[PDB]
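The form deposited in one PDB entry is given below as one chain in structure tokens.
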């Protein structure tokens, strides 16, 4: 449709035309989209039309603008068109807000069960544990069974995300960042459920990464609120843009000097390439000890490298990284009020598809025959959703 194709391409003015047309003319009023019922300055209560705006049968104008994969660079048509800046607010404050905090409550409840089922794990033995009849022993096997059942849920809901909308080809991370971190959390736990019944003691290494990642995924739910939503967005851009492109610049200094230090001196703390890359990571992080106590052959050369390392990656590179992160923090905080609304629309559209049965709540603001006739017929039907505006003409 021409309406969805304007939304799937980032065209505000074409889309703001179609949603706010008022063609008042005989045999042309039925063509219109906005019907102004009355005006009483500055109030102008106008009944709109929701034909492909919210109607989830075909590609609706909201499912298109939300699922658009980070291209179509005229995004945030929400606050730029607005028969639907208030449709989202109507769906939120009436239907979606109560089911969102319930999901956040269950996920907090899931992580408290899972952080407590891991805090009281049995230490001795490597085999899958069998628990005798204890009040605390039975209450934690229920705690472990609930925890894996959550990891099954985020696994299948994560595959359901990939099959339904197929994101691919370097759009998996830019859009759809926060949906794959729930998927990685799930498969650390399924690996943990494999290694548990495989009688491997290393199951807790996979479970611990599933538990640290499970709590840091709790700031998925910050994304969507006005104030605290900016922190989850800029933690994403700093990993994906800043820290990911920088970690090939840094890693050629780390691997460059650590292969230099290993062949220079062959003693403890720098015998291997792995232990040398850790001691040189500690110098650029600041948390290293430049104690030149112990005697090496090529000790005086070693001080010249390690000072030309520290002055070069702790002074130049680390502060260069902080300066680039600081630009993407202050860029994304200026554009904060824009950046907020798209994440709620992705949540409001998702929660409406989760039920798929409550069609009485799926419609917004009733049917109304405001055309009065048609170009050929005398009857009509439309879904109105009026909205009262406050704009000023002097």
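Heads up, when I say rigid core I mean the largest set of C-alphas that superpose within 1.5 Å between the two forms. Numbering follows the first chain given and starts at 1.
**Asked** How about residue 126: is it missing from at least a third of the other entries compared?
**Response** yes, residue 126 frequently unmodelled elsewhere, at least a third of entries.
There is another form of this protein, the form deposited in another entry, and it is not shown here; the text below is about that form.
**Which of 168, 115, 142, 149 is displaced between the shown form and the other one by 2 angstroms or more at its C-alpha, rigid core aligned** = None of the others reach 2 Å, which leaves 168.
**Message:** Quick check on residue 346: with the core superposed, does its CA move 2 angstroms or more between the shown form and the other one?
**Reply:** It does not, since the residue 346 C-alpha is displaced less than 2 Å between the shown form and the other one after the core fit.
**Threshold 2 Å Cα movement between the shown form and the other one for residue 220, core superposed** = No, its C-alpha moves less than 2 Å.
**Asked** Superposing on the rigid core, do we see a C-alpha displacement of 2 Å or more at residue 322 between the shown form and the other one?
**Response** The answer is yes; the displacement is at least 2 Å.
**Message:** Assuming the CA distance changes by 3 angstroms or more, are residue 79 and residue 66 closer together or farther apart in the other form compared with the shown structure?
**Reply:** Compared with the form shown here, the C-alpha atoms of residue 79 and residue 66 sit closer together in the other form, by 3 Å or more.
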